[PDB]
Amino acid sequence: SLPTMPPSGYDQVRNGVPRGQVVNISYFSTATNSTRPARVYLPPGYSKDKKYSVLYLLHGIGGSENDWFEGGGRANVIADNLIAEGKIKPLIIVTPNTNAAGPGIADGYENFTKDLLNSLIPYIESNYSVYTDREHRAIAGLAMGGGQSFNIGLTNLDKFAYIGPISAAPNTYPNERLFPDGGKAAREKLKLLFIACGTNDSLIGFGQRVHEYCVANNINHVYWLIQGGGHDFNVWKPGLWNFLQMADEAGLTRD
């Protein structure tokens, strides 16, 4: 039963397995007044005659849109295999550059919230055949990106129903800011809150803090610790593997 460590080969490429296409895109950002990059995983069968859900996957501090793919995440391989095994239905995964910096901008990681919601999401929904409602939109990430997942996801429950912060960093908002209503909206609209981290990670306390608040305030969620895991992709890959399946079970790809 999930969550659990994935079996050997979950992140390996094997002959015959259908592979999705990872495309490179650039979109205009009203948040940075510049063109920004992102990568988009289209499943092996992506057809404009069908509709797909979308997972916005965020990298760590100083990272890039390539981190979750060739940079170590192998998100496309993990997705290809789960799809081939019938573990999850086909879906689209988008990896942006989380540091929306530029002239006139003080904090690019905070500025990223508007970039994602007002520029990247509209670009994706206009160029790809995707659902545009909260029930078909998820957000997850590692470290700094896990913090942004908590921050953006919980303060925008009308946009995301599935949130997966892995090894969330100190940029994670205080509990009072994540749940300004004592967790009311969360208990009603949150379909999946998946918090994971390696037991050896020095940043374990931040995800732990949110976990404790959710326990105290009756917010359902999944809290999974990777035994012996550190601040690396041997925690983040297993994290994504579990999140995709648990989100699927929760209805992310419904229809």
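Don't overthink the numbering: it's just position in the shown sequence, from 1.
Novice: Compare the mean C-alpha B-factor of 166-174 with that of 102-110 as given in the PDB entry, and name the stretch with the higher value.
Specialist: The stretch with the larger average C-alpha B-factor is 102-110.
Novice: Can you tell me which stretch has the higher mean Cα B-factor, 76-84 or 181-189?
Specialist: The deposited B-factors put 181-189 ahead on the C-alpha mean.
Novice: So among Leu42, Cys197, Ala216, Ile61, who wins on Cα B-factor in the entry?
Specialist: Among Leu42, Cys197, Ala216, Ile61, the PDB entry lists the largest C-alpha B-factor for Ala216.
Novice: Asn242: which third of its chain by C-alpha temperature factor?
Specialist: Lowest third.
Novice: By the record's CA B-factor, is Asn127 among the lowest, middle or highest third of residues in the chain?
Specialist: Its C-alpha B-factor belongs to the middle third of this chain's values.
Novice: In terms of the chain's CA B-factor thirds, is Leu91 lowest, middle or highest?
Specialist: Lowest third.
Novice: Name the third of the chain's ranked CA B-factors that contains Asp49, choosing lowest, middle or highest.
Specialist: For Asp49, whose C-alpha B-factor we compare with every modelled residue in the chain, the answer is the highest third.
Novice: Can you work out whether the C-alpha temperature factor of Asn156 puts it in the lowest, middle or highest third of the chain?
Specialist: As the PDB entry reports it, the C-alpha B-factor of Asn156 lands in the highest third of its chain.
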